[PDB]
Amino acid sequence: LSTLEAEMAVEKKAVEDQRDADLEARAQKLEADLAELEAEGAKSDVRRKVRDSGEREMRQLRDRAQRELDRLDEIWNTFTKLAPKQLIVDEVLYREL
Numbered sequence: 148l149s150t151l152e153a154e155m156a157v158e159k160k161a162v163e164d165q166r167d168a169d170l171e172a173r174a175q176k177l178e179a180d181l182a183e184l185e186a187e188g189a190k191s192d193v194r195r196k197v198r199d200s201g202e203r204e205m206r207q208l209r210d211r212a213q214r215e216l217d218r219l220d221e222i223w224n225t226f227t228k229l230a231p232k233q234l235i236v237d238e239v240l241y242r243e244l
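Going letter by letter, the sequence shown gives residues 148 to 244 in the deposited numbering.
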């Protein structure tokens, strides 16, 4: 249980580091690309539509990564608390186990 808990946290951390690296890069792309639009023929409403599409895209990026974290925690919890008579209806989670 010690070695597996470690590996599981390392793998779970690798997803956290990957998420933080992508959201920062996407945010930088927003700053740089939004600066071009604000410095060149800028208008109030259009820039808001570009940043809204930027915020919405960033939201989806964090949601996806959080889904994997939720899936990972669902996998580690099921193994530690596992016992006979337990029923697994996911079938993809069972394949992962």
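Cβ atoms here follow ideal geometry from the backbone N, Cα and C, with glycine treated the same way.
In the DSSP assignment, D217 falls within the unbroken alpha helix (DSSP H) covering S191 to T227. In this model, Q165 and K196 are separated by some 27 Å (Cα to Cα). Taking 8 Å as the cut-off, the Cβ atoms of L170 and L208 count as close. In terms of Cβ geometry, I222 and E243 form a close pair [threshold 8 Å].
Between the alpha carbons of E183 and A168 lies a gap of roughly 23 Å.
Nearest Cα to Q213 within the set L229, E163 and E178: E163. Excluding the 5 residues flanking it on each side, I235 has same chain C-beta neighbours closer than 8 Å at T225, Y241 and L244, in chain order. Under the three-state reduction of DSSP, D180 is assigned to helix.
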